[PDB]
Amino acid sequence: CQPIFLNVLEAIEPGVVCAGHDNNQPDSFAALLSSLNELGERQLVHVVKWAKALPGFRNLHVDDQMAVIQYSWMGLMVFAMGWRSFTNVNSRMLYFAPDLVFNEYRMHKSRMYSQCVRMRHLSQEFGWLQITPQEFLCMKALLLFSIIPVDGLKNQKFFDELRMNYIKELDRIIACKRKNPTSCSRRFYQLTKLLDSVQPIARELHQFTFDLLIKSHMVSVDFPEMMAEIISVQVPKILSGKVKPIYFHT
């Protein structure tokens, strides 16, 4: 029996994305953040292409397809970055891209050292919890459906159904080589805790990028078009409490 759902997730997983950063130049806040912004813009393109190819994504009202991407991109990208950091450099550095790897010096120069260490901790968890490539893929897909508005989506019912199905698929992946319901329960606990841990990090970054956008002109940090639009229109809805993450635990 072929794992249809997993086959799809592996097939649509985005390839390597480079930031275009000039690593020959001495590190500077403006250059580092401008490169992170450009990487965000480039990754956003891949996230949209990826999301549109996810099982059942098209069932969502188009307005909701837009919304979920606009609200969840930070978490999605941070989670994937954590996985790359673990797989490529054993969490020794933050692997934003092959050409944008953060050592402690860069974490400090970026002025978001605190957020960086939390992301490095997330990276370490992938190793400590022995997260499998398949669990990573399913969890990442679930992160796309983990933040919603209080006024509700155009069609909240279709979103709820899709989210439920992805949680169900995560269950199946957990039960794969586990014939003991208790072991499955313990694994589900671990993974939902990991998923929840992404949200506080994403919130800190949402706050940081929002503040940076507002003062970008005086710190020489460039924001690409899509990033600037999303950070000035959607991110504030998250920061003002109109859009909130769905936490498994309280």
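Start at 1 with the first residue shown and count on from there.
**Q** Between 70 to 78 and 164 to 172, which has the higher average C-alpha B-factor in the PDB entry?
**A** Stretch with the higher mean C-alpha B-factor: 164 to 172.
**Q** Test of understanding: from the entry's C-alpha B-factors, which stretch has the higher mean, 213 to 221 or 40 to 48?
**A** 213 to 221 has the higher mean C-alpha B-factor.
**Q** According to the Cα B-factor stored in this entry, which of the following is highest: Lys140, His121, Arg84, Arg106?
**A** Across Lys140, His121, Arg84, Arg106, the entry lists the biggest C-alpha B-factor for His121.
**Q** Using the temperature factors in the entry, find which of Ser183, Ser197, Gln207, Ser34 has the highest value at its Cα atom.
**A** Among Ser183, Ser197, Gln207, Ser34, the highest C-alpha B-factor in the entry belongs to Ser183.
**Q** Place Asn90 in the lowest, middle or highest third of its chain's C-alpha B-factors, as listed in the PDB entry.
**A** Within its chain, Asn90 is a highest-third residue by C-alpha B-factor, going by the deposited values.
**Q** Rank-wise, by C-alpha B-factor, drop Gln65 into the lowest, middle or highest third of its chain.
**A** Top third by C-alpha B-factor.
**Q** Looking at the temperature factor on the CA atom of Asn59, which third of the chain's modelled residues does it land in?
**A** Highest third.
**Q** Give the position of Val101 by CA B-factor within its chain, expressed as the lowest, middle or highest third.
**A** For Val101, the deposited C-alpha B-factor lands in the lowest third.
**Q** Sort the modelled residues of this chain by their C-alpha B factor and say whether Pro133 lands in the lowest, middle or highest third.
**A** Within its chain, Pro133 is a lowest-third residue by C-alpha B-factor, going by the deposited values.
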